[PDB]
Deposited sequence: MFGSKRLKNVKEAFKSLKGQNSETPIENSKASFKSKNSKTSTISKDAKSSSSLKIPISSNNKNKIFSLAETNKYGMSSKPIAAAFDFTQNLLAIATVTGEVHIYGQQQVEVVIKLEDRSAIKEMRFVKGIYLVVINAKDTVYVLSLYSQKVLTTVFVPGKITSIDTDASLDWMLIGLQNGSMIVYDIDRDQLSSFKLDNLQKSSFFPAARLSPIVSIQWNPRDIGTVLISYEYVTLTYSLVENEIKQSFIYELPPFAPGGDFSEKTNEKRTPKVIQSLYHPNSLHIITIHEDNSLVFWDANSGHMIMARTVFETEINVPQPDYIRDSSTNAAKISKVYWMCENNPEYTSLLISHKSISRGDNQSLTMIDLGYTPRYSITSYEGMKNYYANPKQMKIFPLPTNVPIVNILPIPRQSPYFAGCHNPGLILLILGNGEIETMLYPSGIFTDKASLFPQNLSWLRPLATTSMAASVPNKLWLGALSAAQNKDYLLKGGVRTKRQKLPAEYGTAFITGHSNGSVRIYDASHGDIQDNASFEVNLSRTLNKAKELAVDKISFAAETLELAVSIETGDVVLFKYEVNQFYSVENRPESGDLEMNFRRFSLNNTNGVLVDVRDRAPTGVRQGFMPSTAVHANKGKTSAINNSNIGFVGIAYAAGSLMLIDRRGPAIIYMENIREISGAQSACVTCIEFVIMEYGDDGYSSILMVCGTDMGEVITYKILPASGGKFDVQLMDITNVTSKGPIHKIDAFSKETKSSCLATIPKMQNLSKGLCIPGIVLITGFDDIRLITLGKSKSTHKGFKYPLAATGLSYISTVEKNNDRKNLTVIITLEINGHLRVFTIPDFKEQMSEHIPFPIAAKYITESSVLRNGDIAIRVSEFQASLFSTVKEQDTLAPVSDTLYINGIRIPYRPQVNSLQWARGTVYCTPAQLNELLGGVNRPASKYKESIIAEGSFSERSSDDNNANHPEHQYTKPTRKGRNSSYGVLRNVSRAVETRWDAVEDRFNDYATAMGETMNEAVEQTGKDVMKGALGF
């Protein structure tokens, strides 16, 4: 019935599953993130975002960006997809014959190199979707170690300065292969003499050992290589000579010379090296190594290590001992701790200068994807962790950090638009992409999303994609307000939209109050300095903000965690604590106007207040309206108070009564509506000013229980009840207008009920006749079903996964335009010239190979023209 209703999904926020991989394109300046279900999300400037779903739901291992128009995606099943930034759909799927171990791709090259578990090397033509005839067998088994087990290729790396040389590394040996000459140029083998200490994790020091290589890299000058070995040795070799310059550790040097009386002098438990990256600064002559360390036990053992080697000495005029000094005495060294003990799973440097040098040229920020799906950012080389939501598109802000609670608010646009006008995001990181303008028809009411994270930060933005709403967001830091560093998890938060006020309650029970206002433009701050519960925090506002959500007062009650917070639209703040405390704050002041325990007033065993609501209507049979406060208790009781206007503009509190409404506690959602007009009865400033008129507005209050809804009337015994099959997670009163006759604006007030299992109904009032009975299309996390908010205009916002939210609209007829995807590829961007071997460093010894020359070797003289428009486009 009521065909004006149909469940329609309007917006999605965040990512649908756990991030598992990442990649970045400097040429187009786009950032791609891969989920475990095979989704690829490409983000750009402001709020550019394109979602591509691969045919299989398998996980993603690696990506690279090719030519600035291609995105190569490799899954767990060793299937390689090619995606386009111009046509924005899957271009090619390839089933590569073998188990892939090492991949390399260059910015200006149309080929990608694949090593296998069986040791063979193969080359794939991304531009033309063909396998090339160039194939190399297992070189270690073929030339050096015939009797060894079949060694997989540990690492393949294109030379940073010459596409004609490829660094290949096997388990017990590494080498440099030339594609032009089809031969092995130089080979290095790491062997330890007896009694050699080896690395930290060396085993059986007495006997001769040949540890497996775990990773090899080229130096930015391309004349030096590093081999990390399973003992955590770090051996620096010279690519051309075959000489072993040194073997060092992160802490000690010369680990290869035997030492009969060696003793491990380390007060820190040794950490297995996970991966090593060789980053370079603006001048490639300035380089540093970042090493990630595998965790032992479970405690914070994933820390980064940076070795800034500074100016690399000139190659031609320094001996091997000079390189030994240069690598053995680092220019600077520092360890970057990780704020969490969650293991690191992927590290992606974000280049700022150019996409060469393995995508690690002058990285200003390092994106770390952890095992729990988080995304962290390290400023480099400073090492400062940043979680500012303005660095990345708002969809990424659901990952950095994890959003502990979320809510949506129906804000009147009258001042909301003026607020978002000067709240534009101006310091995003991604620069590419051109955002499609999706103009929304103007409306009286808009929607805001508000999220609180475990960091102690609250992010607020608009849920529409309009001209102003799209790139506008506020961020408030609870840490700077309280001068605190730990125990900052946000638990609950309440938003008064009519005057733009906020109350944020954290795991320690502290509640901080924020208000929208202009700016007033110490290091010993603490909540324990003074004795009063209300602590002044006005002067602790962020420096550079001219106007925004600033803190006014912090609440340090020392009474425990909070069970209910509500910030009214008329200056009142209601705070309830798990111990039983109930506390009323007048923002006029500031002042406390009521502070009492509710276990000494209840007739039941009700421990704490779970919901606080403000209404302005007639109590009982008083014949006139006043300021009334309704609270629900965890045992199904309801306590109604009056806030009487007292002398001097202050306010008293008079307890009217407490009645056991239902046995199905807790009481978590309170709403109200007038009996005749059926408009919202919740308190507002104009309604408060209207009290002098002597007006009387008898009303009915909807109280939500565990799985029942009660229609009750203040000051009376009669009530009505409705029961559900499953417990109710989110509800609200929605006031919608329907036109049926000719232009008649017939308003209809209905209640939107959502159960934790995902079912949604829409009933009328007060008869509670069903108008919708549908389900949310996808299953929802029972942990996060309850963080839903019902909006004024029939919309319902549900948290569905740990990282994603969904804003549904329950009005079938909505001014919906055809979906428009955004533009990723912008033509005319030039890829900088690939760096070549400097003649002043190593004269001769090189055979210059142009890209077309390499195409002729790998694909043949008769290489077919591509079937893609991108190949012609990307030139």
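- Unmodelled regions of the deposited sequence, numbered from residue 1: 1-61, 583-597, 952-1033.
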